[PDB]
Structures are given as structure tokens and as C-alpha cells.
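Heads up: the structure comes next, in C-alpha cells.
Protein chains: 2
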Amino acid sequence: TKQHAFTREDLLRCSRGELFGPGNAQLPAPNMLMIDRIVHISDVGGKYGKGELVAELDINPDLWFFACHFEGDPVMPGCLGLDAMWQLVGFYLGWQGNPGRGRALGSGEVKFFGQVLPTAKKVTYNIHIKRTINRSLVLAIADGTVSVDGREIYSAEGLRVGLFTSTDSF
Amino acid sequence: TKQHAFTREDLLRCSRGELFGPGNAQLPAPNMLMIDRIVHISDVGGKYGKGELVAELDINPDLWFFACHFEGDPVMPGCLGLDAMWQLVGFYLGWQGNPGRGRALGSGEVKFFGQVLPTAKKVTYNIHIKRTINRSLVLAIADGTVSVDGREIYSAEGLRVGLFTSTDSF
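Sequence lines, in order, name chains A and A'. A prime marks a further copy of an entry chain.
The entry's author numbering numbers the first residue of the first sequence as 2 and each following residue consecutively.
The entry's author numbering numbers the first residue of the second sequence as 2 and each following residue consecutively.
So this is what it looks like as C-alpha cells:
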């Protein structure tokens, strides 16, 4: 709960296991990392009063996914915008100080109603934590939106991420 | 509708735009391509009698995503298994002979209840086409499952993919 904003280097340290410690939640490293910075994280406020993340990814034409997706028709894969939202819910669980490795467990409704072209400047993620559950397994449920240069393009309801300790097979 | 099975080289040709022709549905090229072969495609049968795809991805420890996702905790990203299902619904629309570029439009419920470790041999995708709509925009709705070495690990209900012609902005 210590720090409310993170630079790219903080997130790279997170990807190495050196922010929350080994066996705790990690962001992916490049090229699966879909966040450059966390501008805001809190365990209060948001849509549901249970916390909020705001994160950014800078866009330039040379990001790896534009060349292979698709040849002659470059567009950020919707699945990687969705994954950024799972990455941020996983980061949230680690940031609260829960132990274990992050796995995406799924979502309710996902909608893609716009696209990220290689001419865009910035993707913004808004995550609203709905509920955390501290049963047998620790998990978070959230709603998220993806925006490009001010404009909402994706939504996900009921994003679920779970934490798996050293004894938890999956 | 011409060919009911595809080799990796067929899918690489598809990724270049040379299977369905330029401006029609393309698979992504590596490293976003999540299919090695289509074992079965048909416009009849399946769960809903509206068609079926069965596709495979061979697993080895050196696939790019294992190193970055995560360091010390390798696991295939759920988002890329989900994306394979969107890739296959897009391929289906192109295979029926519809014109335009593929975009994922979203899904209903997605569940991840297992994982692909770098010790696995083979991921299998089963896609059941539910409905195609030939309005203003052409789109397909499908259910899908991801299995690793016989074992079901992911499900998606209401996968939606749409086709966008040369005049269609998104």
C-alpha cells in the first residue's frame, strides 16, 4: 500500500520479482508487459469504493505487435489490451501484500468497439476493483476500460485474477 | 469452403494475405500467431450445426512467451489462448469467402481453470460456430474451449469477430 504511482523502471523491477518479492505477483517482462506506468493506484475510491488503478502504455509505430498483427493492416491485438487489465488486477493483489503468483481466471462480458492504430500516442487503462475474496484462494474481481488518446475503445466486466502460493497447483 | 485442413505453411501463407487475398481475413504472423495447424474446419456440424474448427499449437519450452511470462514462473498467457479462438473465428469468416479485415469484437464469459506449462506437448482449440450475421457488418459468434494434452483448461462463450471492408473505419 506504500507507493501510489510507478515508473516503467518500477514495473520492470516488478517483472523481475523485486517489487513484491519472489513467489508474489509479478508483471510480465517485455514483450508481454502492456504497461509503461501506473499513474494512480489506491485501495479506496473507484466506481465501487474498493480501489482503482490508472495506467498508461505509450504507442509508436515500432511496437512489436504492429508488424505481425496484421501484415498490411497494423492494429494492437484486443487480447493484449485485455491482458493489460488482468496484469493490473494481478499487480493490485500483490500491492495489497497478498502472497502468491498471479493467474487470470477470466471475465464476464468483453467488448472491443474501437482500435489502436500505429498513429496513436497513448493507451490508458482504468480499473475499478469490485470485490476481493480471501477464501482458500485469494482473488479480485474488477471492471476495466481501455482508451486511446481520450476515446474509450474496450470494456471488460468481472475481470478475475487469482493468487497461487508455492503449494497451489493449477 | 475448398479445403478442410491446413498445415503451418498454409497458415503462414494466410498471415501474408495469400490464402484469402489482400483486404480479406488474415491470421497474424509470428509471434502473435497462436495456431500451428487446422485439423478440421466445416460449415456444418458442431455443437450448433453451424460449423466447427479444430486447431493445434505445439508446445516446447522455447516458445517466446514462457521467458517473459513470468521470469521464474513460465506459463502461456491466457489472453493468447483466448486470442487463438478469435484468430480461428476470423479464419472461419474468410474461409466462407466473406470480404474484409478481421477484428475481435469481444466475448461473453471467459474462464481459465488450468494452465499451459513449458512441459506440455500440444494445445487443442475446439470452436463451435453459433451464428453468422450478414447485416451492414458481417460477424460470427462462437463458443470455444482450449485443451492441453487432453485436458480442458479454458472456455469462452459468445466469441464475436467482425469483418471490416476497405470503406469501414473502426
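Virtual Cβ for every residue (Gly too), placed ideally from N, Cα, C.
>> Quick check on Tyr126 (chain A'): does DSSP put it in helix, strand or coil?
In response: Numbered from 1 along the second sequence, position 125 holds the residue referred to as residue 126 (chain A'). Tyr126 (chain A'): strand per DSSP, three-state reduction.
>> Closest to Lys123 (chain A) by C-alpha separation, out of A:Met77, A:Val111, A:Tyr93, would be which residue?
In response: Translated into positions along the first sequence, residue 123 (chain A) becomes position 122. When only C-alpha atoms are compared, the closest one is A:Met77.
>> Going residue by residue through the segment 6 to 88 of chain A, where are the continuous alpha helix (DSSP H) segments of at least 4 residues, counting only ones entirely within it?
In response: Restricting attention to alpha helix (DSSP H) runs no shorter than 4 residues, the segment 6 to 88 of chain A encloses them at 9 to 17, 66 to 69, ordered along the chain.
> With 16 other CB atoms within 10 Å as the buried threshold, where does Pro62 (chain A') fall?
Replying inline: The sequence position of residue 62 (chain A') within the second sequence is 61, counting from 1. So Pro62 (chain A') ends up on the exposed side.
> Between which two residues does the beta strand (DSSP E) harbouring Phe165 (chain A') extend?
Replying inline: Working through the second sequence from its first residue, we reach residue 165 (chain A') at position 164. First-last of the beta strand (DSSP E) with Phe165 (chain A'): 152 to 165.
> Are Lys51 (chain A) and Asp144 (chain A) touching if we call contact CB-CB under 8 Å?
Replying inline: Counting from one through the first sequence, the residue named residue 51 (chain A) turns up at place 50. Counting from one through the first sequence, the residue named residue 144 (chain A) turns up at place 143. Cβ atoms of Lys51 (chain A) and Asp144 (chain A): not closer than 8 Å.
> By the 10 Å Cβ neighbour count, where 16 or more other Cβ atoms means buried, how is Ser170 (chain A') classified, buried or exposed?
Replying inline: Translated into positions along the second sequence, residue 170 (chain A') becomes position 169. Answer is exposed; the Cβ neighbour count stays below 16.
>> In this structure, how does DSSP classify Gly107 (chain A') when only helix, strand and coil are distinguished?
In response: As a first step, residue 107 (chain A') must be located in the second sequence, where it is residue number 106. Secondary structure at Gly107 (chain A'): strand, using DSSP grouped into helix, strand and coil.
>> Tell me the rounded alpha-carbon separation between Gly22 (chain A') and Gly46 (chain A).
In response: On the second sequence, position 21 is the one that residue 22 (chain A') refers to. On the first sequence, position 45 is the one that residue 46 (chain A) refers to. For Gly22 (chain A') and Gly46 (chain A), the distance between alpha carbons rounds to 50 Å.
>> I believe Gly18 (chain A) touches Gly73 (chain A') by the beta-carbon criterion, under 8 Å. Please report the beta-carbon distance rounded to the nearest angstrom.
In response: Here residue 18 (chain A) refers to the residue found at position 17 of the first sequence. Here residue 73 (chain A') refers to the residue found at position 72 of the second sequence. That pair is a contact at about 6 Å.
> Between the segment 88 to 113 of chain A' and chain A, which residues of the former have a C-beta closer than 9 Å to a C-beta of the latter?
Replying inline: Against chain A - using a Cβ distance shorter than 9 Å - the residues of the segment 88 to 113 of chain A' are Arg102, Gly103, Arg104, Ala105, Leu106, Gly107, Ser108, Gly109, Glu110, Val111, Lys112, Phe113.
> chain A partners of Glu72 (chain A'), CB-CB under 8 Å?
Replying inline: Residue numbering aside, residue 72 (chain A') sits at position 71 when the second sequence is read from its first letter. Those are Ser16, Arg17, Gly18, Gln27, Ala30, listed as they occur along chain A.
>> Contact criterion: CB-CB distance below 8 Å. Does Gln116 (chain A') meet it with respect to chain A?
In response: Within the second sequence, the letter at position 115 stands for residue 116 (chain A'). Yes, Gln116 (chain A') lies at the interface with chain A (some Cβ there is under 8 Å from its Cβ).
>> Based on DSSP bridge pairs, tell me the residues matched to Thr146 (chain A).
In response: Taking the first sequence and counting its residues from 1, the one referred to as residue 146 (chain A) is at position 145. Note: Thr146 (chain A) sits in a beta bridge opposite A:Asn127, A:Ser156.
> Using the C-alpha atoms, what's the distance from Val147 (chain A) back to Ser156 (chain A)?
Replying inline: By 1-based counting over the first sequence, the position of residue 156 (chain A) is 155. By 1-based counting over the first sequence, the position of residue 147 (chain A) is 146. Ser156 (chain A) and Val147 (chain A) have their C-alpha atoms spaced approximately 6 Å apart.
>> Our contact map puts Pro29 (chain A') next to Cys80 (chain A) with C-beta atoms below 8 Å; I'd like the distance itself, whole angstroms only.
In response: Your numbering for residue 29 (chain A') matches position 28 in the second sequence. Your numbering for residue 80 (chain A) matches position 79 in the first sequence. 10 Å between Cβ atoms; not a contact.
>> Suppose the cutoff is 6 Å on Cβ atoms and the five residues either side in sequence are ignored; what does the same chain contact list for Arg14 (chain A') look like?
In response: Your numbering for residue 14 (chain A') matches position 13 in the second sequence. Residues of the same chain with a CB within less than 6 Å of the CB of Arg14 (chain A'), apart from the 5 flanking positions on each side, are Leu20 in chain order.
>> Just verifying my parser: in three-state terms, what is the DSSP assignment at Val139 (chain A')?
In response: Counting from one through the second sequence, the residue named residue 139 (chain A') turns up at place 138. DSSP, reduced to helix, strand and coil, places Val139 (chain A') within a strand of the structure shown.
> Using a C-beta to C-beta distance shorter than 9 Å, which residues of chain A count as neighbours of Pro62 (chain A')?
Replying inline: Locating residue 62 (chain A') in the second sequence gives position 61, where the first residue counts as 1. In chain order: nothing, as chain A lies at least about 16 Å away.
> Helix, strand or coil: which one does DSSP assign to residue 174 (chain A)?
Replying inline: In the structure as shown, chain A begins at 2 and stops at 171. Residue 174 (chain A) is therefore absent and cannot be evaluated.
> Would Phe66 (chain A') count as contacting chain B if we go by Cβ distances under 8 Å?
Replying inline: The displayed structure is made up of protein chains A and A', and chain B is not among them.
>> Short of 7 Å Cβ to Cβ, which residues in the segment 133 to 161 of chain A' face chain A?
In response: Taking 7 Å as the Cβ-Cβ cut-off, the segment 133 to 161 of chain A' has no residue approaching chain A.
> Which residues of chain A have a Cβ atom closer than 7 Å to the Cβ of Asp84 (chain A'), listed in chain order?
Replying inline: Here residue 84 (chain A') refers to the residue found at position 83 of the second sequence. Under the 7 Å cutoff, chain A gives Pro78, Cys80.
>> Using the Cβ count rule (16 or more neighbours within 10 Å means buried), how would you classify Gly98 (chain A)?
In response: Counted from its first residue, the first sequence places residue 98 (chain A) at position 97. Answer is exposed; the Cβ neighbour count stays below 16.
>> At the level of alpha carbons, what is the spacing between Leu64 (chain A') and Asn32 (chain A)?
In response: The residue labelled residue 64 (chain A') in the question sits at position 63 within the second sequence. The residue labelled residue 32 (chain A) in the question sits at position 31 within the first sequence. Between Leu64 (chain A') and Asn32 (chain A), the C-alpha separation is close to 12 Å.
>> Using only the alpha-carbon positions, how far apart do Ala85 (chain A) and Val149 (chain A') sit?
In response: The residue given as residue 85 (chain A) occupies position 84 in the first sequence. The residue given as residue 149 (chain A') occupies position 148 in the second sequence. Each residue's Cα considered, the two are about 24 Å apart.
> Shortest alpha-carbon distance to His5 (chain A') belongs to which of A':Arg38, A':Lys131, A':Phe165, A':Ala121?
Replying inline: Within the second sequence, numbered from 1, the residue matching residue 5 (chain A') stands at position 4. The candidate whose alpha carbon is nearest that of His5 (chain A') is A':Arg38.
>> Between which residues of its own chain and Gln88 (chain A) is the CB-CB distance below 7 Å, once the five residues before and five after are set aside?
In response: In the first sequence, residue 88 (chain A) corresponds to position 87, counting from 1. So the qualifying residues of the chain are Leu28, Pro29, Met35, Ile36.
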